[PDB]
Amino acid sequence: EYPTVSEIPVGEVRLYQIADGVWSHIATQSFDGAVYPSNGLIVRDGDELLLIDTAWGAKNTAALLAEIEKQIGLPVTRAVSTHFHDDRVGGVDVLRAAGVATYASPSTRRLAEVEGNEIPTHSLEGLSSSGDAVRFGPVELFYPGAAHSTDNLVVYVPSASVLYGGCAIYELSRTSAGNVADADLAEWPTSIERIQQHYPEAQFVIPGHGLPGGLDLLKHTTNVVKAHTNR
Ligand SMILES: NCc1ccc(C(=O)N[C@H]2Cc3cccc(C(=O)O)c3O[B-]2(O)O)cc1
Ligand SMILES: [Zn+2]
Ligand SMILES: [Zn+2]
Ligand SMILES: [Zn+2]
């Protein structure tokens, strides 16, 4: 029942309710002639919503906000971007213009600037060392160490045992490396181990791209990254 890449035209956004007050958002984007799905998260915080990640571009993110207003009808007041690439910050200007306060770690803000990408306004403190965690409204933000990118964060929703891994976690159908130009292959398995150690109770694990599963997605990702290391 989870929407798949073949079911979502580029420019449209789907919402998937995971638990009371917890949804993923799913969009698609063209990249080198192929179409990829991408996931983010929406978490209810009282009568407001917290958004995790844009929907990969300004047009998709505008559609995301329209879809949230239509289907949920509560204001998105804050958003967190889990790393500096365009599937996570692309659309931050649309969010900002809509009154959403945008956040990212200082590491992400710096890398986005260097890269010429959109830059979340607010800096999240307390995430600069591997293994650091902070509570941000209804979620916990965790810096596991460098993996898909040096700045990547993961997000946990304690009320629903939902772990959103972002692009540091691969879906099961992905059996070879994705986009790894900015990755730290040497540290990626260690960073995943920090995730497993901190969130052993996670029930629903969401990759940056594709289908959710359980905690098996962590060991899956390690296997793929190690095989790519040994290419
Ligand atoms: N300057 C080189 C460069 C250009 C684009 C991207 C980029 O936007 N990458 C995103 C889109 C994408 C495209 C294909 C696979 C993935 C993935 O997460 O593996 C994926 O997620 B990224 O965050 O790395 C990264 C580096
Ligand atoms: Zn990335
Ligand atoms: Zn502000
Ligand atoms: Zn990605």
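Each chain has its residues counted from 1 in the order its sequence is written, and this count may differ from the entry's own numbering; any residue lacking coordinates is left out. Ligands are numbered from 1 and chains lettered from A, in the order in which they are written. With hydrogens and water set aside, each side-chain value is computed from the structure's full complement of heavy atoms. Residues with missing side-chain atoms are left out of burial classes, side-chain pairs and their counts.

- Method of determination for the deposited model, per the PDB record: X-ray crystallography, at 1.449 Å resolution.

Looking at the overall build of the chain
Then comes step 1: Going along the chain from the N terminus, every DSSP run of H or I of four or more residues is numbered as a helix, and every run of E of two or more is numbered as a strand. Helix and strand counts for the chain stand at six helices and twelve strands.
Then comes step 2: Radius of gyration: over C-alpha atoms. The globule rule applied is 2.2 Å multiplied by the number of residues raised to the 0.38 power. By the compact-globule yardstick of 17 Å for 231 residues, the chain fits well, its C-alpha radius of gyration being 16 Å.
Then comes step 3: Considered along the principal axes of its C-alpha atoms, the chain spans approximately 45 × 40 × 35 Å.
Then comes step 4: Note on contacts: a residue pair qualifies if any of its non-hydrogen atoms lie within 4.5 Å across the two residues. The contacts of the chain with a sequence gap of at least 6 include a subset with a gap of at least 24, amounting to 57%.

Thoughts on the pattern of salt bridges
Then comes step 1: Just to be clear on terms, a salt bridge is a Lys or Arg side-chain nitrogen sitting within 4 Å of an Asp or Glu carboxyl oxygen. Enumeration over the complete set of coordinates arrives at six salt bridges.
Then comes step 2: Here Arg44 ties to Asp47 by a salt bridge, and the two come within 3.1 Å at their closest N and O atoms.
Then comes step 3: Think of it in three bands: residues with accessible area under 20% of the maximum for their type are buried, residues over 50% are exposed, and the middle band is partly exposed, with areas taken using a 1.4 Å probe on protein chains only. For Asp47, a relative accessible area of 56% corresponds to the exposed category.
Then comes step 4: One connected set of salt bridges, linked through shared partners, spans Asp53, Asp87 and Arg88.

Comments concerning the packing of aromatic side chains
Describing an aromatic ring pair means giving the distance of the ring centres and the angle of the ring planes.
Then comes step 1: Here a pair means two rings of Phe, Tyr or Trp (six-membered ring of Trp) with centres within 6.5 Å. Their orientation is stacked below 30 degrees between planes, edge-to-face above 60, and tilted elsewhere. For the structure shown, the criterion picks out seven aromatic pairs.
Then comes step 2: Taking 4.8 Å as the distance between ring centres and 65° as the angle between the ring planes, the aromatic pair formed by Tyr103 and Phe136 counts as edge-to-face. You can see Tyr103 sitting in strand β6 (residues 101-104) and its partner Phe136 sitting in strand β8 (residues 132-136), a full 33 residues away along the chain. We note that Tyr103, like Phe136, is buried.
Then comes step 3: Ring centres of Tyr170 and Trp188 lie 5.6 Å apart, and the angle between their planes is 75°; this geometry places the pair in the edge-to-face category. A residue pair is termed long-range when its members are at least 10 positions apart, and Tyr170 in the loop between β11 (162-166) and α5 (188-198) and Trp188 in helix α5 qualify at 18 residues. The burial state of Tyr170 is the same as that of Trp188; both residues are buried.
Then comes step 4: Chaining the aromatic ring pairs together yields one cluster made of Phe31, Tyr36 and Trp56.
Then comes step 5: Between the NZ or CZ atom of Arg78 and the centre of the ring of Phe136, over which it lies, the distance is 4.4 Å. Note on geometry: a ring has a charge over it if NZ (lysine) or CZ (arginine) is within 6 Å of the ring centre and within 35 degrees of the ring normal.

Details of a nonpolar patch on the surface
Then comes step 1: Here the term patch refers to residues with relative accessible area over 30% and no salt bridge, with like charges joined within 9 Å and nonpolar side chains (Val, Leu, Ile, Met, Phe, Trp, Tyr) within 5 Å. All accessible areas in this document rest on Shrake-Rupley with a 1.4 Å probe, and a residue is counted as covered only by the protein chains that are shown. A cluster of nonpolar side chains, contributed by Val5, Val10 and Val35, occupies part of the molecular surface with about 210 Å² of accessible area.
Then comes step 2: Structurally, the position occupied by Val10 is in the segment before β1 (14-19).

Examining the pairing of strand β2 (residues 22-31)
Then comes step 1: The buried count for β2 comes to eight of ten residues, which makes it a mostly enclosed element.
Then comes step 2: Two strands are said to pair when DSSP picks up at least two bridges between them. In this antiparallel pair of consecutive strands, β1 and β2, the connection spans two residues, and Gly21 shows a positive phi of 70°.
Then comes step 3: Here ten bridges tie β2 to strand β3 (residues 34-45), and the two strands are oriented antiparallel to one another. By the bridge assignment, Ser24 is partnered in β3 with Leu41.
Then comes step 4: With antiparallel pairing between neighbouring strands as the criterion, β2 and β3 make up a hairpin whose turn holds two residues, including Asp32 at a positive phi of roughly 60°.

Examining the coordination of the zinc ion (ligand 4)
Then comes step 1: Any nitrogen, oxygen or sulfur atom within 2.8 Å of a metal ion counts as a donor, with the limit raised to 3.2 Å for Na, K and Ca, and since water is left out, coordination shells can look unfinished. Surrounding the zinc ion (ligand 4) are the protein donor atoms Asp87 (OD), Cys167 (SG) and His209 (NE2), which sit 2.0 to 2.3 Å from the metal.
Then comes step 2: Donor residues for the zinc ion (ligand 4) sit on one chain with the sequence pattern D-x79-C-x41-H.
Then comes step 3: A separation of 4.3 Å is found between the zinc ion (ligand 4) and the zinc ion (ligand 2). A residue pair is termed long-range when its members are at least 10 positions apart, and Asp87 in helix α2 (residues 86-89) and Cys167 in the loop between β11 and α5 qualify at 80 residues.
Then comes step 4: The exposure class assigned to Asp87 is buried, which follows from its relative accessible area of 7%.

Here's the deal with the site of ligand 1
Then comes step 1: Being near a molecule or strand, for a residue, means having at least one of its heavy atoms within 4 Å of it. If you check the shell around ligand 1, you find 14 residues, and the closest are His83, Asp87, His148, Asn179 and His209.
Then comes step 2: Definition of a polar contact: a pair of N or O atoms within 3.5 Å, with one able to donate and the other able to accept a hydrogen when the atoms are protein atoms, and with sequence-neighbouring residues admitted only if both atoms are side-chain atoms. Here an oxygen atom of ligand 1 and a side-chain polar atom of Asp87 are 2.5 Å apart.
Then comes step 3: For ligand 1, an oxygen atom lies 3.0 Å from a polar atom in the side chain of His148.
Then comes step 4: Nonpolar residues are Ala, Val, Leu, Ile, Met, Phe, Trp, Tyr, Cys and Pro. Charged residues are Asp, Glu, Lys and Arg, and all others, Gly as well, are polar. Classifying every residue of the shell around ligand 1 by side-chain character gives four nonpolar, six polar and four charged.

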